[PDB]
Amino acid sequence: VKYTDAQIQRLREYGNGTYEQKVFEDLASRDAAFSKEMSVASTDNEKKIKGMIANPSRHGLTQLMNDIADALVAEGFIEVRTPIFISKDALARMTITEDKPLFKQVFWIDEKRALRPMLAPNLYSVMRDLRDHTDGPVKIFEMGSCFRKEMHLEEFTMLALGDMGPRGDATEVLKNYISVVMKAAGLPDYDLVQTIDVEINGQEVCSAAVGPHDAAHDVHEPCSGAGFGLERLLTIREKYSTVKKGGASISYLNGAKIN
């Protein structure tokens, strides 16, 4: 026997073990193991919360953001912050129009504005404007909340980075930026898949592309960028049993259930 579906959900509520691989000889031994792992999960959870209260730390998601950010600034990236609201026109220039599947996932605020589902539209705008002020390449990044109707969260934290202007072996430059982020995140082992996808054990954690060409302009600047889901990265690194425990929450705090 394995743990039942309901037992798996019960174990993952307070526990961060790997429960799905466990196998047993009969119901009696499944049930004995379940009772023991439930008790251990709950007591460990309680001790972890008592530890945060006793010795508070920066939030794990905030820490991950700072670790990546300082690595990117050291690589010459400017940090930007852009609004969570974006325009319908801005989405349509992203090709996210009434027919695209993502469009149905957009949270509208009024007839003309939405919560951003991605950072790219704002980031490309800022990169283009900064390039008006320099002869050299412009490298920027942003970390912030994005929203989609729905490892899926309705609110999730994206890291988006971009590099605009004269490059030189753009694909290798982008792969190096991915390396910088993944190593700074504490996840040095990953797979690149095909535009480039980053996977860990088959789970996508980043999508990146060279030359996402900006209908407003006949002639484009060379551009590269990459978008990472930070709750996914944190979940994988800390081995949390669901993606709902390491990010924003009123039930979980840094992996532990508070209620």
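Note that residue numbering begins at 1 and tracks the sequence as displayed.
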query	finding
Chain break class at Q194/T195 - deposited residues not modelled	4 to 9
Count class of coordinate-free deposited residues lying between the neighbours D110 and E111	none
Given 240-248 and 14-22, the range whose Cα B-factors average higher in the PDB entry	14-22
Between the two ranges 197-205 and 35-43, the one averaging a larger CA B factor in the entry	197-205
Of the residues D169, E142, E155, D163, the one carrying the largest Cα B-factor as recorded	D169
Which of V180, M94, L123, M118 ranks first by CA B-factor in the deposited coordinates	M94
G211 by Cα B-factor - lowest, middle or highest third of the modelled chain	highest
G51 - Cα temperature factor, lowest/middle/highest third of chain	middle
Ranked against its chain, the third holding the CA B-factor of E79	lowest
Third of the chain's Cα B-factor distribution that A28 belongs to, per the entry	highest
For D70, the third of its chain into which the C-alpha B factor falls	middle
